[PDB]
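Text of data_17.cif, listed as mmCIF, C-alpha atoms:
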```cif
data_target
loop_
_atom_site.group_PDB
_atom_site.id
_atom_site.type_symbol
_atom_site.label_atom_id
_atom_site.label_comp_id
_atom_site.auth_asym_id
_atom_site.auth_seq_id
_atom_site.Cartn_x
_atom_site.Cartn_y
_atom_site.Cartn_z
ATOM 1 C CA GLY A 1 19.391 -48.943 -22.289
ATOM 2 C CA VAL A 2 20.240 -45.200 -22.385
ATOM 3 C CA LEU A 3 19.558 -42.734 -19.617
ATOM 4 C CA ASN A 4 17.480 -39.762 -20.753
ATOM 5 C CA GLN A 5 16.558 -36.403 -19.241
ATOM 6 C CA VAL A 6 12.853 -36.075 -20.013
ATOM 7 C CA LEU A 7 10.460 -33.186 -19.499
ATOM 8 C CA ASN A 8 7.659 -33.281 -17.001
ATOM 9 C CA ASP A 9 4.784 -34.665 -19.229
ATOM 10 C CA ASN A 10 2.906 -31.434 -18.305
ATOM 11 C CA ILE A 11 5.242 -29.150 -20.223
ATOM 12 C CA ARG A 12 4.852 -31.541 -23.187
ATOM 13 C CA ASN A 13 1.038 -31.380 -23.412
ATOM 14 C CA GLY A 14 1.262 -27.634 -22.886
ATOM 15 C CA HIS A 15 -0.774 -26.543 -19.889
ATOM 16 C CA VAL A 16 1.984 -24.836 -17.841
ATOM 17 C CA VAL A 17 1.267 -21.778 -19.974
ATOM 18 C CA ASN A 18 -2.276 -21.723 -18.581
ATOM 19 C CA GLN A 19 -0.914 -21.361 -15.026
ATOM 20 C CA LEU A 20 1.388 -18.658 -16.401
ATOM 21 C CA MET A 21 -1.537 -16.790 -17.989
ATOM 22 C CA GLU A 22 -3.506 -17.131 -14.753
ATOM 23 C CA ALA A 23 -0.669 -15.481 -12.814
ATOM 24 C CA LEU A 24 -0.172 -12.735 -15.406
ATOM 25 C CA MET A 25 -3.889 -11.963 -15.595
ATOM 26 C CA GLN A 26 -3.954 -11.722 -11.783
ATOM 27 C CA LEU A 27 -1.043 -9.261 -11.866
ATOM 28 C CA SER A 28 -2.963 -7.228 -14.451
ATOM 29 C CA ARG A 29 -5.931 -7.228 -12.061
ATOM 30 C CA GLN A 30 -3.896 -5.788 -9.146
ATOM 31 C CA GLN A 31 -2.877 -2.172 -8.628
ATOM 32 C CA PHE A 32 0.629 -0.782 -8.144
ATOM 33 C CA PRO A 33 0.151 1.584 -5.161
ATOM 34 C CA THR A 34 3.812 2.437 -4.618
ATOM 35 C CA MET A 35 4.306 3.372 -8.304
ATOM 36 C CA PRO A 36 2.703 5.813 -10.812
ATOM 37 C CA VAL A 37 0.112 5.068 -13.469
ATOM 38 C CA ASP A 38 2.435 5.165 -16.516
ATOM 39 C CA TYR A 39 4.668 2.389 -15.160
ATOM 40 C CA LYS A 40 1.755 0.051 -14.406
ATOM 41 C CA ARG A 41 0.296 0.922 -17.802
ATOM 42 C CA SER A 42 3.563 -0.039 -19.528
ATOM 43 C CA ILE A 43 3.890 -3.349 -17.638
ATOM 44 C CA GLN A 44 0.254 -4.377 -18.054
ATOM 45 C CA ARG A 45 0.425 -3.704 -21.789
ATOM 46 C CA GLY A 46 3.684 -5.670 -21.958
ATOM 47 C CA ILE A 47 1.934 -8.751 -20.517
ATOM 48 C CA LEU A 48 -1.279 -8.277 -22.518
ATOM 49 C CA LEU A 49 0.993 -8.556 -25.565
ATOM 50 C CA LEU A 50 1.851 -12.106 -24.320
ATOM 51 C CA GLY B 1 44.468 6.189 23.889
ATOM 52 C CA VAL B 2 42.870 8.744 21.503
ATOM 53 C CA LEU B 3 39.432 10.285 21.512
ATOM 54 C CA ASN B 4 37.264 9.394 18.530
ATOM 55 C CA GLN B 5 33.981 10.541 17.024
ATOM 56 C CA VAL B 6 32.437 7.155 16.335
ATOM 57 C CA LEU B 7 29.243 6.631 14.335
ATOM 58 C CA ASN B 8 26.145 4.923 15.733
ATOM 59 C CA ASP B 9 26.952 1.189 15.004
ATOM 60 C CA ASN B 10 23.417 1.010 13.504
ATOM 61 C CA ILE B 11 24.800 3.051 10.557
ATOM 62 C CA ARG B 12 27.919 0.946 9.954
ATOM 63 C CA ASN B 13 25.623 -1.987 9.226
ATOM 64 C CA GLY B 14 23.388 -0.244 6.715
ATOM 65 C CA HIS B 15 19.896 -0.380 8.177
ATOM 66 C CA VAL B 16 18.986 3.351 8.259
ATOM 67 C CA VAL B 17 18.293 3.164 4.519
ATOM 68 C CA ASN B 18 15.379 0.853 5.391
ATOM 69 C CA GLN B 19 13.871 3.545 7.643
ATOM 70 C CA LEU B 20 14.465 5.998 4.804
ATOM 71 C CA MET B 21 12.907 3.882 2.041
ATOM 72 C CA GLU B 22 9.937 3.030 4.274
ATOM 73 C CA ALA B 23 9.368 6.747 4.817
ATOM 74 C CA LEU B 24 9.722 7.464 1.089
ATOM 75 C CA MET B 25 7.307 4.700 0.138
ATOM 76 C CA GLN B 26 4.805 6.044 2.662
ATOM 77 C CA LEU B 27 5.162 9.554 1.201
ATOM 78 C CA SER B 28 4.682 8.122 -2.287
ATOM 79 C CA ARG B 29 1.551 6.180 -1.324
ATOM 80 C CA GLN B 30 -0.063 9.323 0.130
ATOM 81 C CA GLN B 31 -2.069 11.725 -1.985
ATOM 82 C CA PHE B 32 -1.287 15.413 -2.450
ATOM 83 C CA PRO B 33 -4.787 16.977 -2.015
ATOM 84 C CA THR B 34 -3.693 20.585 -2.141
ATOM 85 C CA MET B 35 -1.372 20.083 -5.167
ATOM 86 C CA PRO B 36 -1.702 18.876 -8.825
ATOM 87 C CA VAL B 37 -0.875 15.514 -10.322
ATOM 88 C CA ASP B 38 2.231 16.599 -12.266
ATOM 89 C CA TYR B 39 4.032 17.590 -9.068
ATOM 90 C CA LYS B 40 3.110 14.334 -7.315
ATOM 91 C CA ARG B 41 4.120 12.404 -10.443
ATOM 92 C CA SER B 42 7.536 14.111 -10.586
ATOM 93 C CA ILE B 43 8.180 13.457 -6.885
ATOM 94 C CA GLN B 44 7.052 9.843 -7.063
ATOM 95 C CA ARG B 45 9.225 9.140 -10.106
ATOM 96 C CA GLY B 46 12.183 10.720 -8.306
ATOM 97 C CA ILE B 47 11.466 8.452 -5.340
ATOM 98 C CA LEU B 48 11.313 5.303 -7.475
ATOM 99 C CA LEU B 49 14.718 6.126 -8.979
ATOM 100 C CA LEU B 50 16.197 5.633 -5.474
#
```
Taking this structure as input, can you express it in the form of structure tokens?
Amino acid sequence: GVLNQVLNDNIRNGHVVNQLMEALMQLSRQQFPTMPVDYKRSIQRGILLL
Amino acid sequence: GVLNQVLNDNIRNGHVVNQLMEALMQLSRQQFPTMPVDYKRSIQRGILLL
């Protein structure tokens, strides 16, 4: 009888995080040409920690 | 009725900063063959600040 706001049924059986990891691993695999090495190093470590 | 020293009308609508940032990003992406890495690093950090 009651309306309900339900999640996707893909968030529930957690596989969204695999797409997230795919994206983050890709961004690790790139280079940051515009920016120095220390900045990229900081960011890529920050996402390896995830 | 009065003379006036008007600006360009491409400056009033801030677009010249795009020319500037494009030039700065080019200069950052280039290497400094003749010079060390600490100088390049300092310059490129100073360019990212802006």
Mind running a least-squares superposition of chain B onto chain A over all the C-alpha atoms, in order, and reading off the RMSD?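 The superposed chains show a C-alpha RMSD of 0.3 Å.
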Just give me the gap between atom CA of residue 19 of chain A and atom CA of residue 31 of chain A in Å, one decimal is fine.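 Taking atom CA of residue 19 of chain A as the start and atom CA of residue 31 of chain A as the end point, the length is 20.3 Å.
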Work out how far apart atom CA of residue 43 of chain B and atom CA of residue 24 of chain A are and give it in Å to one decimal.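 Rounded to one decimal, the two atoms are 28.8 Å apart.
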Of the candidates B:42, B:8, B:34, B:13, which shows the shortest atom-to-atom distance to chain A, using all atoms listed in the file?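 Once distances to chain A are computed over all atoms listed in the file, the minimum belongs to B:42.
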Report the centre and edge lengths, in Å to one decimal, of an axis-aligned box enclosing every atom of segment 18-34 of chain A listed in the file, padded by 5 Å on each side, as AutoDock Vina command-line options.
```
--center_x -1.1 --center_y -9.6 --center_z -11.6 --size_x 19.7 --size_y 34.2 --size_z 24.0
```
So what do you get for atom CA of residue 29 of chain B versus atom CA of residue 35 of chain A, distance-wise?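 Atom-to-atom, atom CA of residue 29 of chain B to atom CA of residue 35 of chain A, that is 8.0 Å.
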If the PyMOL selection byres ((chain B) within 9 of (chain A)) were run on this exact file, what residues would it hold? Put them as a PyMOL selection string. chain B and resi 25-26+28-29+41+44-45+48
Dump as a PDB file, in the coordinates of the input, selection limited to C-alpha atoms:
```pdb
ATOM      1  CA  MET B  25       7.307   4.700   0.138  1.00  0.00           C
ATOM      2  CA  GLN B  26       4.805   6.044   2.662  1.00  0.00           C
ATOM      3  CA  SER B  28       4.682   8.122  -2.287  1.00  0.00           C
ATOM      4  CA  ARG B  29       1.551   6.180  -1.324  1.00  0.00           C
ATOM      5  CA  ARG B  41       4.120  12.404 -10.443  1.00  0.00           C
ATOM      6  CA  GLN B  44       7.052   9.843  -7.063  1.00  0.00           C
ATOM      7  CA  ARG B  45       9.225   9.140 -10.106  1.00  0.00           C
ATOM      8  CA  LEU B  48      11.313   5.303  -7.475  1.00  0.00           C
TER       9      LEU B  48
END
```
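Nearest residue to residue 47 of chain B among B:21, B:11, B:1, B:30 is B:21, counting all atoms listed in the file.
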